[PDB]
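If you want the building blocks of each chain, they are given just below.
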Amino acid sequence: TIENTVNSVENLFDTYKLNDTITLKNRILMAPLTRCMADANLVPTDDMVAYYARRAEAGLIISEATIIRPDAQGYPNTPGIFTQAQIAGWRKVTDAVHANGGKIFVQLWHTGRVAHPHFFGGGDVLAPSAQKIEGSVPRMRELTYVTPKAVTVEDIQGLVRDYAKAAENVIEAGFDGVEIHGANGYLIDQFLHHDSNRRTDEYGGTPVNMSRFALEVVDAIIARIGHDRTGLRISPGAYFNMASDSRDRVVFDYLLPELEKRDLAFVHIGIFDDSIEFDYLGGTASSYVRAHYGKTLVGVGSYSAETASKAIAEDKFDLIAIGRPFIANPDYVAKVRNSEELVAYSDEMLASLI
Ligand SMILES: Cc1cc2nc3c(=O)[nH]c(=O)nc-3n(C[C@H](O)[C@H](O)[C@H](O)COP(=O)(O)O)c2cc1C
Ligand SMILES: CCCCCCCCCCCCCCCCCC
Ligand SMILES: O=[N+]([O-])c1cc([N+](=O)[O-])c(O)c([N+](=O)[O-])c1
């Protein structure tokens, strides 16, 4: 069991060959972490360059969620990858990571119903269905979420196009690849769950239909940059801006074998504590995916180096993403390697970019 941790995490430092294109120097990923520190043009800053560069001992960094176009924005100062200036800013980031001997994927984002018009000139918020989430944008003054417009099939075609274009830009920006943000209640995840997807056309109703948008985005991006440079984060368990539905599991039962056919660089779980068991999944999120998907899997969520090592030793998943400890400890990898004390994460640390 994972709690029976041992006195060595050597396996975390195994070389891991993702595919013919990419080999990782270790199994430790920096999880994607929104920091809200990009400039007014949503361009990565030189402070962001330094922040990523100092974490290049990670086998692979997954960037903070990066928006594909303006109506994807739901939080302040989140970087994009749709303008030339943004591409240039990211190129500074990737160049610095590579110069430090690291690798980095961008996480491509559209927030769907979690966008807010304050950020993009009062335009329409888009989602599979006109189902508003509760509340307001965190850490902002009174920005109440709004009822989305249910996307038309023409909207959907444009969105697929824009995911694909962003992927092309990612290559110009010198990233090693893309992690498609299909998790945590955002646009792609919205198509995959019944709470948000009440459609009755070819994008709703059945597992095949509800999976259609995800697969169209994945296929369009592969067509642009190749399967070896394409990963996907998913959240089979509803927990963030998403109500649960007992019918969601069969959507993922369909999706996962379909994803296997695309021979992705990895599938990555989106969750905060993977020790949590989901009734509807019959156990933990990672164990559910591991039972329905037989290629590289990134685990995440409240793992220590020790419990991650044990999980990987027990074949529960292949790579470990580390989030909050990488905020608290820029030198996470070195400290783990040398058995040094790690600082515990505190939410207060988000005020600083170090
Ligand atoms: C401040 C913060 C920002 C996050 N931003 C993202 C993000 O941009 N994209 C994403 O998929 N997950 C995001 N997450 C979730 C993390 O990637 C990760 O799944 C979560 O922090 C659990 O892992 P951990 O226990 O090692 O921190 C974020 C989490 C935190 C705490
Ligand atoms: C500033 C960092 C993020 C702050 C908000 C946390 C978002 C994730 C919340 C974790 C899970 C809560 C609800 C889960 C419901 C279903 C669980 C079985
Ligand atoms: O504030 N945020 O923009 C934000 C974004 C993401 N995300 O996944 O893209 C999160 O998972 C969280 N989160 O749950 O902490 C926050």
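Within each chain the first residue of the written sequence is number 1 and the count goes on from 1 in that order, possibly differing from the entry; residues lacking coordinates are omitted. Working convention: letters from A go to chains and numbers from 1 go to ligands, in the order in which they are written. Hydrogen atoms and water are omitted, and side-chain values are computed over all heavy atoms in the structure. Residues with missing side-chain atoms are left out of burial classes, side-chain pairs and their counts.

This deposited entry lists X-ray crystallography as its structure determination method and 1.600 Å as its resolution.

In this section: the site of ligand 2. Put simply, a residue is near a molecule or strand once any heavy atom of it comes within 4 Å of that molecule or strand. Around ligand 2, the surrounding shell consists of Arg139, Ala238, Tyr239, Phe240, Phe272, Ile276, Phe278, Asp347 and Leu350. Reported accessibility uses the Shrake-Rupley method at a 1.4 Å probe radius. Residues are deemed covered only where the shown protein chains occlude them. Across the complex, the protein chains shield 48% of the 570 Å² of accessible surface that ligand 2 would expose by itself.

All right, on to the UniProt feature "binding site: FMNH2" (unreviewed entry) in the protein chain then. Here the UniProt-annotated "binding site: FMNH2" (unreviewed entry) positions come out as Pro32, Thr34, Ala65, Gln107, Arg233, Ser302, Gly323 and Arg324. What counts as a helix is a DSSP run of H or I of at least four residues, what counts as a strand is a run of E of at least two, and both are numbered from the N terminus. Looking at where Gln107 falls in the secondary structure, it is placed in strand β5 (residues 104–109). Under the scheme applied here, a residue whose accessible area is under 20% of the maximum for its type counts as buried, over 50% as exposed, and between as partly exposed, the area being computed with a 1.4 Å probe on protein chains only. Using a relative accessible area of 2% as the deciding quantity, one classes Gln107 as buried. Residues count as neighbours in contact if any of their non-hydrogen atoms are within 4.5 Å of one another. Excluding residues that lie within four positions of it along the chain, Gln107 makes contacts with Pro32, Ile62, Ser63, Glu64, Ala65, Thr66, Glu179, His181 and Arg233. By secondary structure assignment, the location of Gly323 is in the loop between β14 (319–322) and α10 (324–328). You can call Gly323 buried: its relative accessible area is 12%. The residues contacting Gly323, other than those within four sequence positions of it, are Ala31 and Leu33. UniProt positions are given in the numbering used here, feature names are shortened, and annotations may be inferred rather than shown by experiment.

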